[PDB]
Number of protein chains: 6
Amino acid sequence: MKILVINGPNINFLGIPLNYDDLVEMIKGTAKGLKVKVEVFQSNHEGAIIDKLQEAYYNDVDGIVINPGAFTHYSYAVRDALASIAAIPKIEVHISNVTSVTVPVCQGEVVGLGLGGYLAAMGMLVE
Amino acid sequence: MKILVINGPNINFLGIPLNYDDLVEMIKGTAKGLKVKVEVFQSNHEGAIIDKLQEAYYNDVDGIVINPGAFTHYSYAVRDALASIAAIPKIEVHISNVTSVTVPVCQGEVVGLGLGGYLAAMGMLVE
Amino acid sequence: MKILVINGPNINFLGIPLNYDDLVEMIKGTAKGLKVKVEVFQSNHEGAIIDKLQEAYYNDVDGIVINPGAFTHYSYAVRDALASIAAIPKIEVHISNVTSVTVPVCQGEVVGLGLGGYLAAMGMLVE
Amino acid sequence: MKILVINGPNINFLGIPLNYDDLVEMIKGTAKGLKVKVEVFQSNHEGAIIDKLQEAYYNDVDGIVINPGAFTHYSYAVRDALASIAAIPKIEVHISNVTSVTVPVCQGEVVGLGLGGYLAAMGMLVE
Amino acid sequence: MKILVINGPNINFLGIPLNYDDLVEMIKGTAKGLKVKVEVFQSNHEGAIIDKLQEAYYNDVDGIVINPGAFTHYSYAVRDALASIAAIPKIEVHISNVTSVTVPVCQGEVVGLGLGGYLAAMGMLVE
Amino acid sequence: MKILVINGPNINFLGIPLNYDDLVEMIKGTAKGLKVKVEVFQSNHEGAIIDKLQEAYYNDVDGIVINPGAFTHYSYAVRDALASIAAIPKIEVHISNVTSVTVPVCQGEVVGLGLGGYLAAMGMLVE
């Protein structure tokens, strides 16, 4: 099984005590534990996220974990990108207790569980 | 006469039975029929569309056909880019029967006529 | 694919700056672009239009584009002629922003797009 | 860091397609990924859970994950056992979307995330 | 003292009689007068602005002047980028007399003073 | 281009941490930046301000920046002096967030921007 994790704008500035590299290592260590392959991606560009989602359709990704950051509350382009790949299961993640445009085009949401929310989302895709 | 056709985010995933390459062939074939030159462009980046609109002003484009996709419903930056080039006539196009921020800064809109909407828009710029 | 274009009374007096021969050249050029065969016909006689619609049924026309002119608002004979050939898809076209008796027996209407309305109608029959 | 996972009555009958041994392997694999030691325990006896909670106090467990099953809705004895060890952080977990007596004596609850809820709870204790 | 000036989308099309190169020369001349070092940046990409703000945090910039253009009215990503660097003082600028999402995360706003608004904003950071 | 800056009563006691000599150096440095000649004048006498405004008319000053201090709230003589030289553009400046008699006989007011308000006013006279 192959999983793709997508982080939106500003997420790389976690810790600015756990930082973004701590979250990446927790995700990569959990992937070995669950016996899955994982790719982790972050960008500040809305278009680079849409390109990464379109690349996932051509690369047989088995499921997607996404944290859009602030794009959750205004990016109808990322909503419609997630709607264009409806064959792939996706879970939306929020680190803090953040109405949203990307939720109804996803198979579930995890909110307010801190850095543990990604680990639930990966578990929900293995189930 | 030189026409520029601009496609917004997600439009390259048409048919994911007619697809995006079928639409490009229909536009390029119709340009020869109308005896005009055409450039067709697509990007998932909001800033690449604004760069392409600014490039058109320095390149003596005679008219613009634009399908913003989802940016129609939230991109005040693309609205104000179209407002900055008021000397050039533009037609907005929607493939499906989709309130919009980009409409009042254009000379017309074509809506819900499928892939035929681009062919009306090219005709309306020749007239 | 074979297309038939029918123009009603008075349409030959367009431009009495684009005239009727400009419209015929736009249609014939666009047909090569879309890789289709096209016949363009005009008459001032209501009965010659009904004869042309009956001829089309015996000639394996794949789709019809029609602009009835003023007959749109009173010719129940042309309505019932279009109803008699229900196996063939037809699009109704109006050049200017014109209740209509011929619309409910057609697969769609295109209105107020100038001479561009024929090009959308040909696109909608290829789709 | 040392974690203790406690499962209540009936939890060993999961899958009577994922079963209880699948959940134990997911937890043990995730523990290696997070670089923590884990003990996983299940019993049908209310008193054996209270003995295990009392043993944890003498064994320097750094955090507890607990799924009481039905005891959530009536066991004031397990509530008061969790209250007696207030120096140790605990997270409560429910597999399905199950008022509760054990919740207010814990640092958090995770509900309805399936077998993924344990993985969030371990993350929330590492954070 | 080191100052960073950020211009958003469309600002490079000022005067399409003073233009964007006049504004850059006024800012660079004023910086020598105030005895400060200045960097002036412009982009049409929302993500390139967020990258430039994140780069400023690693480069010990003493204060920021920002004119977001249209992003002022919808970019919650640029708002949250400005919030992520709260150690650095920022002034927001609007050339024309433009409710705004980026204002409450800045230490002041200058509005409707034309190209003079940048000179006040530099003064307010030297003070 | 020649600019005249007039400061009213009490302005020489700024900082009784930036003082009046700091403000004069900021103005003289900004004048070199904008490529303009500047004269800076201060007096506690209402009549010496009126003499300086009458001198400006005979010396072809291209624009005036004025901070009247408290004379803003009662000096109809300085108001009518500014009205007597309607051929010269003037900007009124207030350092702190101070109804006024001198405002309607000026081309604009700048208020509450600290010592930055003078630099905006010089920018507005070059524009």
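Method of determination, as annotated in the archive: cryo-EM, at 2.5 Å resolution.

> How should the relation of the copies chain C and chain B be read in this particular structure?
The pair of chain copies shares a relation made of a rotation about an axis and a shift along it. Taken as rigid bodies, chain C and chain B are interconverted by a rotation of 180° and an axial shift of 0.0 Å, the fit giving an RMSD of 0.1 Å. When the rotation and shift are considered jointly, the pair of chain copies conforms to a two-fold rotation axis. A high fraction, 100%, of the interface residues of chain C reappear at the interface in chain B, so the copies pair face to face through one surface.

> It is not clear to me how the relation of the copies chain D and chain A should be interpreted in this structure. Could you clarify?
Mapping chain D onto chain A is achieved by rotating through 180° and translating by 0.0 Å along the same axis, at an RMSD of 0.1 Å. The fraction of interface residues of chain D whose copies in chain A are also interface residues reaches 100%, indicating that both copies meet through the same surface.

> What is the right way to look at the interface of chain D and chain A in this model?
Interfaces are often described in size by the accessible area the parts lose on coming together. Of the residues lining the interface, 18 residues belong to chain D; the matching set on chain A comes to 18 residues. Three residues, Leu113, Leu119 and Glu127 of chain D, lead the burial of chain D against chain A; their summed loss comes to 29% of the area buried on that side. Counting across the chain D and chain A interface gives two salt bridges. Where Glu25 of chain A meets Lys35 of chain D, a salt bridge forms, and the shortest distance between an N and an O atom there is 2.8 Å. Joining chain D to chain A, the criterion identifies four residue pairs in polar contact. Looking at the side of chain D that touches chain A, the elements with two or more residues in it are α1 (20-33) and α4 (117-126) of chain D. Grouping the constituent residues of the side of chain D that touches chain A by class yields nine nonpolar, six polar and three charged.

> When you look at the arrangement of the chains in this model, what are you seeing that I'm missing?
Contacts are most numerous, across the six pairs of chains in contact, for chains B and C. Chain B shows no contact with chain D. Their nearest C-alpha atoms sit 31 Å apart. Separating chain C from chain F is a minimum C-alpha gap of 45 Å, and the two share no contact.

> Whenever I open this one, the environment of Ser96 of chain C confuses me. Can you help?
Residues and elements named next belong to chain C. For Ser96, the location among the structural elements is in the loop between β4 (90-94) and β5 (108-111). A relative accessible area of 45% means that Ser96 is categorised as partly exposed. Here the alpha-carbon distance between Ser96 and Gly69, two residues 27 residues apart in the chain, equals 10.0 Å. Here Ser96 is in contact with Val111 and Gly112, once residues within four sequence places are set aside.

> Got a minute to help me understand the nonpolar core in this structure?
General note: in soluble globular proteins, nonpolar side chains tend to be found buried as a group. Core analysis: the largest hydrophobic core is formed by 63 residues, its most contacted members being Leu53 and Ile64 of chain A, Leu53 and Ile64 of chain B together with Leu53 and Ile64 of chain E. Those residues in contact with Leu53 of chain B, other than ones at most four positions away along the chain, are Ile6, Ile64, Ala81, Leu82 and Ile85 of chain B. Residues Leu34 of chain B together with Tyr20, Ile27 and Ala120 of chain C belong to the second largest nonpolar core, which totals 48 residues.

> Which parts of the structure should I look at to understand unusual backbone geometry?
Generally, phi is negative for residues other than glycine and the peptide bonds are trans, each holding for most cases. Positive phi is not limited to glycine here, since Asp60 of chain C has a value of about 55°. For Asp60 of chain C, the position within the fold is in the loop between α2 (46-58) and β3 (63-67). Of note in the backbone geometry, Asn10 of chain D takes a positive phi value of approximately 65° without being a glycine. Looking at the element boundaries, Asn10 of chain D is found in the loop between β1 (2-7) and α1.

> Just to check I follow, could you spell out the sheet that holds strand β4 (residues 90-94) of chain E for this structure?
Sheet strands pair via backbone hydrogen bonds, and the direction of the pair is either parallel or antiparallel. Residues and elements named next belong to chain E. Reading across the sheet, the five strands line up as β2-β1-β3-β4-β5 and stay open at both edges, with parallel pairing between neighbours. The strands lining the two open edges of the sheet, one partner per strand, are β2 (37-42) and β5 (108-111). In this sheet, adjacent strand axes meet at a mean angle of 20° when their direction is disregarded.

So, how was this worked out
Residues numbered from 1 in each chain as written, not as in the entry; some residues may be left out. Chains lettered and ligands numbered in written order. Part of a larger assembly, values for the part shown. Heavy atoms only, no water. Least-squares fit on C-alpha atoms. Contact = heavy atoms within 4.5 Å. Buried area = accessible area lost by both parts, 1.4 Å probe. Salt bridge = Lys/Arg side-chain N within 4 Å of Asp/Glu carboxyl O. Polar contact = N/O pair within 3.5 Å; in protein donor to acceptor, adjacent residues only side chain to side chain. Helix = DSSP H or I, 4+ residues; strand = E, 2+ residues; numbered from the N terminus. Nonpolar A, V, L, I, M, F, W, Y, C, P; charged D, E, K, R; others polar. Buried < 20%, exposed > 50% of the residue type's maximum accessible area, 1.4 Å probe, protein only. Core = buried A, V, L, I, M, F, W, Y, C linked by side-chain atoms within 4.5 Å. Pairing = 2+ DSSP bridges. Axes fitted to C-alpha atoms, helices over the stretch in contact; angles between N-to-C directions.

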